[PDB]
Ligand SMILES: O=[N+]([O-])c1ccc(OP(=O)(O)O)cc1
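Quick setup: one chain, the form deposited without this ligand, written in structure tokens, and binding and motion questions come after.
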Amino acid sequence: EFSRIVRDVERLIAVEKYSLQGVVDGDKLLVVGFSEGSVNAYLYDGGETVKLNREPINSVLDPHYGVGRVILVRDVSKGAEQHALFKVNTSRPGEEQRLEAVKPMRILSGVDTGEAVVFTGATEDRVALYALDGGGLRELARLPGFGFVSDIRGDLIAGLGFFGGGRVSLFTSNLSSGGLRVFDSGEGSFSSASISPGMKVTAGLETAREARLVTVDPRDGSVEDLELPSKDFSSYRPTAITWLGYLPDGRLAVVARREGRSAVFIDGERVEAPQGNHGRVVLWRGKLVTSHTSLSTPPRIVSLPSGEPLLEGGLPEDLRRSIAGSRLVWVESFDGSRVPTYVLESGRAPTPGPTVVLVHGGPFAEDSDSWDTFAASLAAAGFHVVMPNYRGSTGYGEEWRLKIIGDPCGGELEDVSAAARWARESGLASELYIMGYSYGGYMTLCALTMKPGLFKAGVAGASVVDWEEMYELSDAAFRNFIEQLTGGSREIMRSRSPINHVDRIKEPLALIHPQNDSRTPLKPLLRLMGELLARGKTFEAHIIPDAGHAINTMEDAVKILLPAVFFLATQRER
């Protein structure tokens, strides 16, 4: 209701947000910005920003340093994520030419050397690595599951693949001849990779314990630790490695992290940076630049080590104030595991007060000290926010992440429930709600069906309600995803699907869903609405038009977020 809720939700979404993609058109920053109502690509060279694309896009391919063009990735299916590629000569912004040799497909990742575009894509029958050059399109290799291109140097192509059991393998190929070589580590998963001058692969390896840098030789697969000049990086003992890449001057840039915050290193030496999380690091005009974000700082571009902002959307002081504080707490779970949980105390709610356990998606993702529009809106609306990194989350080692494999709506739901208990027992919460999108929405449905009475009400957006029907509606990448998560078991696919436990729901439920979502399809949700109806269950639903899982306009963001906040405010009335 409140026109107040609406203005805050609108304003939070309206704040401009930027991601750093690279350096192009000689020496200009290439950035993707959620600005002017949607997701666009821009060039930045010290002053005014110049828009490269026409209609909104979803992303751009990673350009090689200085290339004179940008490759836009744009959904041509009204949200179903069948993307087409469009190139823009950086000397003629606004003029696009579609790469017609590439039929629409789910584009997963890509790099542009300036002479060749190398990308991974998913169709109904497969996931593959492709190369498009002066001679046309070539399929370099068929991949086992989600795979992403990380880097290209010379004829060598390096990437990361989720090829089995939740583990991430490294893979290589040749631009000229294609082919596939998969490198698995028995110690953990590779998280980042960049080809060295010596033509070997430098990669971040996340183990049960610490994460570390290694050198993989493509020719024989031998692996050895990589030691850097400066020991700052090694003594930091990172638990995860976000990204790494060689700068033009040959120096190795690494962004690593622990407990939800990251640090920047150049050849092993620490480089001061604003507190929170950082993205890729680029050398621009001899200077270091990166993206930065934190729970109170929308994604922005800054210079290091000063932290001065090059591109930044301003968060209004009043909205900034609605977040009275934040903490990282370690929730005690059913089996004694400690669940790292970020907490946001609303300056507009009392203590104890209305609290929302906002569950992250993925499952391979994490709640860190990074901007979260959903969280900020709840705080502005008067709710404390509890964000737990349930098992399956990234950021706390290989072991914690892999526990979810073969156990959806099992141990991780116990962690979500423990975070709820902690909220109550610690004195923060007077009443509890659960809210989440994607895997998080799945968790809302799992909570309401398997833990009736735990929460007062639940919000489920772009959620999974039935693994079976979703599977039958999935492309090659998502079918493989579901097989890995469920261990390939039909029993698990069925028993862990909320659609088969509707009778147990007792709390009000709000369903929010983009009509053309191709990751978590709408069809099974319509069946869920039928069951709720037939069983006399209380519920509301909001289906968003011409949109899918990847929101790319400010108005669509309002359509998926506003109903959620209105629903909770109304429940809060009792």
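Just count from 1 along the sequence shown to find any residue number.
Another form exists, solved in complex with this ligand; not displayed. Remarks below refer to it.
Checklist line | Answer option from 542, 51, 549, 69, heavy atom within 4.5 Å of this ligand in the deposited complex | finding: Answer to the contact question: 549.
Next item on the list: Just give me the single entry in 205, 470, 118, 413 that has a non-hydrogen atom within 4.5 angstroms of this ligand in the deposited complex.
Entry: Here the answer is residue option 470.
Notebook entry, point to check: Does any heavy atom of residue 438 come within 4.5 Å of a heavy atom of this ligand in the deposited complex?
Noted result: Judged by the heavy-atom cut-off of 4.5 Å, residue 438 is in contact with this ligand in the deposited complex.
Margin query: Check residue 362 for me: does it contact this ligand in the deposited complex (non-hydrogen atoms, 4.5 angstroms)?
Written below: Yes.
Margin query: Is residue 175 part of the interface with this ligand in the deposited complex - any heavy atom within 4.5 Å?
Written below: The answer is no: residue 175 has no heavy atom within 4.5 Å of this ligand.
Check: Does this ligand come within 4.5 Å of any heavy atom of residue 502 in the deposited complex?
Finding: Output for residue 502 is no: heavy atoms all beyond 4.5 Å of this ligand.
Notebook entry, point to check: Heavy atoms within 4.5 Å of this ligand in the deposited complex: which stretch among 316-324, 97-105, 475-483, 445-453?
Noted result: It is 475-483 that comes within 4.5 Å of the partner.
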